[PDB]
Amino acid sequence: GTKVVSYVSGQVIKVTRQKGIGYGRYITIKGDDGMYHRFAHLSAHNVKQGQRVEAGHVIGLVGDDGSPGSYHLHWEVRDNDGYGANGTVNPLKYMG
Amino acid sequence: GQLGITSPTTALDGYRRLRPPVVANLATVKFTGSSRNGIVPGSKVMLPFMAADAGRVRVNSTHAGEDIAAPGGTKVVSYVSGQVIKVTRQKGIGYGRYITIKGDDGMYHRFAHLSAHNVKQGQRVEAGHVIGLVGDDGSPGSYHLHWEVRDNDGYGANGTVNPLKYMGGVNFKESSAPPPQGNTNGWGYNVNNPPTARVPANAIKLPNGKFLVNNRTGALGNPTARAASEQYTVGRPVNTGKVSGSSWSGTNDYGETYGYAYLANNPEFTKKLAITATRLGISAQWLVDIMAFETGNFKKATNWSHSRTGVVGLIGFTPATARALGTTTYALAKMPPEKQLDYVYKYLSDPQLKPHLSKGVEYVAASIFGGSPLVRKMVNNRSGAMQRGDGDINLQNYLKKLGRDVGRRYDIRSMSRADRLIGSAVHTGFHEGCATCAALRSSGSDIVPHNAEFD
Amino acid sequence: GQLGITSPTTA
Amino acid sequence: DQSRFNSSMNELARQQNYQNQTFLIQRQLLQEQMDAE
Amino acid sequence: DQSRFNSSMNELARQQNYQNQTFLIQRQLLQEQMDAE
Amino acid sequence: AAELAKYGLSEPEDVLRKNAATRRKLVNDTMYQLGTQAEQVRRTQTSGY
Ligand SMILES: [Zn+2]
Ligand SMILES: [Zn+2]
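Protein chains in written order, with PDB author numbering: chain E, 675 to 770; chain A, 579 to 590, 605 to 653, 664 to 1057; chain e, 579 to 589; chain V, 56 to 92; chain v, 56 to 92; chain a, 530 to 578.
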């Protein structure tokens, strides 16, 4: 039930759903810092495709798509809008 | 695939035409011993002999040319592509029967002490071309090949380079045969979740995620390696397996590329294809393979002039099919594949086709190939629909060519009996036409017992 | 760059 | 053009490395023959 | 031109080995002189 | 018509009549340029020893 909040101001690129293993409910935001931020494994979306979100905007709720019973948030930072591991940066090191 | 030397200098009437006498594999020798003459330890040298003759030739542990002792009758094979300059005979001491080839690498290669010639002066020979037979002009009783490498087309020792040292330091591809086709139940690529464990590309893709590298076999992610000769014997030869044509997990994963690069570079198309496959109740792999074959591996999806009969689209939309769907062939060709997936789903949603789609890959292939009457004939007579009597455009061949681009072959009931029976031969040595032998040699492993995989 | 290599098996 | 230049540079570097390795092997063999005498 | 450069490098290696080959004779003569002394 | 145009004689009679000498001259000039380039390549083929 906790709310995922965008830490950077940017434009929401895509709000879709992938059923199965990875990226249950994922929202991608093109931050003003030049890096793409992805929040996956969500329960519901509060933003819209092509919407400009400021810092502190509410994005959505956390989900349990990976491990039922325990809720978590898949957080990933990229320099591109791809879907692979080629271009991924560790979010903790990046925010440090 | 350019057999032989691939150095960055080679980069730049009414009668039946026979294929040139070119082989697909070449002999290589790796010396781990201490028998040293100046060539770097542990290097691989490409001999001008056939790969099947690699074990029957010797390097002979004083002149400007290397002598390779080979049994009488072996064929000398050109390792580089070039132009044959001169083919003559010098009777006496040196260069009994010699053939000179101006290789594309810029160095002249001379093969002397031959028995007969198979090339002609001024003939362009590709890599792997058969040049001639070995001779015994020097020492009668024992046959050998005088091999010499030069930077000029002279006749002296001024400009000679040791063939072994020269071959040690050049970039070459020793094999041009395709890797064997088998089961890839585990050799799958997911763009969202890439595999954690990987092996060098020269490995053999065994079923269920197993592999064979450097005479050692194991599983992906498992550090425990077993000897190839100990586990794979004559009783249980190396079999690449087959993919079942009616069994699947029941769920289609978004981003599953199934070994196809187009699905990897277009994740939106992969997602849409997974949605369509799940909606149709069929495995995504079957539809992926069928569309890839029908479009030449997704390189001709939006081509509206390649087919002279007017066939375009992911699944090969005929003008009659296009009219049935309510559109035209040109419009179907113009739309992107993501949009064409909607029309593929609409065509496959036909109640004369949809109920039978989930029964296997063969039903989907028949529906896409012949349509409703082929599916009805399959339902009424499963064996009759897959007859191999002449035709050459029957459904059996269509199912045979499915999954070729990625190394997948399907084991379909009432169809693969001939493939299983014909391919049940066990090879204990090297054979030129066998792809498994070429893969074994390329992986660095010895020739362990394996099933026959010809083409 | 793009992901993938030319297929070693014949097309 | 950039890819071609990179390939040419890599080929030249590996050729020089192979030549240096061959020279080192020749020197080692020369030393072994010296020790033989 | 690339082939010409490769041939030039090969000739350089050959002449380097040719000069290096004198080392065996020099060592043998040094051993002979040491035995004589 | 296809195997006529394979050689280049499918044009109308007047067009073929007006375009004979110039066509032969162009063929000769192209072959002369090709031979000049071939001679240059062969001449540059010299041994360094
Ligand atoms: Zn996660
Ligand atoms: Zn000889």
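Note that the Cβ used here is the ideal one computed from N, Cα and C, for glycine as well.
What first and last residue would you give for the alpha helix (DSSP H) that runs through residue i?
| i | result |
| --- | --- |
| a:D558 | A550 to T573 |
| A:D669 | First-last for A:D669: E668 to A671, but that is the beta strand (DSSP E), not the alpha helix (DSSP H). |
| A:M980 | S974 to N982 |
| A:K704 | From DSSP, A:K704 is part of no alpha helix (DSSP H) but of the beta strand (DSSP E) over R699 to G705. |
| V:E87 | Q57 to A91 |
| A:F1056 | Element bounds for A:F1056: n/a, residue is neither H nor E. |
| a:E532 | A531 to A534 |
| A:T1038 | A1037 to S1044 |
| residue 548 of chain A | Since the first residue of chain A shown is 579 and the last is 1057, residue 548 of chain A is not available in this structure. |
| A:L997 | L997 to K1002 |
| a:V544 | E542 to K547 |
| A:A830 | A830 to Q833 |
| A:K956 | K956 to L959 |
With a threshold of 16 other CB atoms inside 10 Å of the CB of residue i, please say whether the residue is buried or exposed.
| i | result |
| --- | --- |
| A:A922 | exposed |
| A:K722 | exposed |
| a:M560 | exposed |
| E:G761 | exposed |
| A:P957 | exposed |
| A:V1028 | exposed |
| E:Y768 | exposed |
| A:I970 | buried |
| A:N1053 | buried |
| A:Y607 | exposed |
| V:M64 | exposed |
| A:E964 | buried |
| A:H665 | exposed |
| A:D994 | exposed |
| E:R726 | exposed |
| A:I695 | exposed |
| A:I1024 | exposed |
Can you find a CB in chain a that lies within less than 8 Å of the CB of residue i?
| i | result |
| --- | --- |
| A:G847 | no |
| A:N760 | yes |
| A:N999 | no |
| A:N754 | yes |
I'd like to know if residue i contacts chain e, where contact means its C-beta is closer than 8 Å to some C-beta of that chain.
| i | result |
| --- | --- |
| A:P780 | yes |
| A:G1009 | yes |
| A:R800 | no |
| A:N867 | yes |
Could you tell me whether any Cβ in chain A is nearer than 8 Å to the Cβ of residue i?
| i | result |
| --- | --- |
| a:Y578 | yes |
| residue 774 of chain E | This structure leaves residue 774 of chain E out entirely; chain E is present only between 675 and 770. |
| E:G694 | yes |
| E:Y745 | no |
When the cut-off is 8 Å and only beta carbons count, does residue i lie next to chain E?
| i | result |
| --- | --- |
| residue 599 of chain A | Chain A lacks coordinates between 590 and 605, the interval that contains residue 599 of chain A. |
| A:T853 | yes |
| A:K873 | yes |
| A:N795 | yes |
Any beta-carbon of chain v closer than 8 Å to the one on residue i?
| i | result |
| --- | --- |
| A:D1048 | no |
| V:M64 | no |
| V:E87 | no |
| A:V763 | yes |
What are the boundary residues of the beta strand (DSSP E) that residue i is part of?
| i | result |
| --- | --- |
| A:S969 | Careful: A:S969 lies outside any beta strand (DSSP E), inside the alpha helix (DSSP H) at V963 to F971. |
| A:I733 | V732 to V736 |
| A:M638 | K636 to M642 |
| A:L716 | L716 to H719 |
| A:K812 | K812 to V815 |
| A:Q685 | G684 to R691 |
| A:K622 | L618 to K622 |
| A:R1006 | Per DSSP, A:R1006 belongs to no beta strand (DSSP E) and is neither H nor E. |
| A:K677 | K677 to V679 |
Please confirm whether residue i has its beta-carbon closer than 8 Å to some beta-carbon of chain V.
| i | result |
| --- | --- |
| A:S585 | yes |
Exercise. May I ask you to list, following chain order, the residues of the stretch 68 to 83 of chain v that have a beta carbon less than 8 Å from some beta carbon of chain A?
Key: Residues of the stretch 68 to 83 of chain v with a C-beta atom less than 8 Å from some C-beta of chain A do not occur.
Practice problem: Please name the residues in the stretch 892 to 920 of chain A whose beta-carbon is closer than 8 Å to at least one beta-carbon of chain e, in chain order. | Solution: Of all residues in the stretch 892 to 920 of chain A, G898 and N899 have a Cβ within less than 8 Å of some Cβ in chain e.
Quiz item: Using a beta-carbon distance cut-off of less than 7 Å, what residues from the stretch 615 to 641 of chain A approach chain V?
Solution: Here the close residues are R628, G630 and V632.
Quiz item: Relative to chain A, which residues along the stretch 697 to 726 of chain E have a C-beta separation below 8 Å, given in chain order?
Solution: Here the close residues are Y697.
Self-check item: Whole runs of the alpha helix (DSSP H) within the stretch 868 to 941 of chain A, excluding any shorter than 4 residues
Solution: As far as the stretch 868 to 941 of chain A is concerned, its whole alpha helix (DSSP H) runs of at least 4 residues are 869 to 882, 886 to 896, 921 to 927 and 931 to 936.
Quiz item: Using a beta-carbon distance cut-off of less than 8 Å, what residues from the stretch 766 to 791 of chain A approach chain V?
Solution: Listed by position, the residues of the stretch 766 to 791 of chain A near chain V (Cβ gap below 8 Å) are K767, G770, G771 and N773.
Quiz item: At which residue ranges does the stretch 743 to 787 of chain A contain complete beta strand (DSSP E) runs of 3 or more residues, listed in the order of the chain?
Solution: If we require 3 residues or more, the beta strand (DSSP E) runs fully inside the stretch 743 to 787 of chain A come out as 746 to 752.
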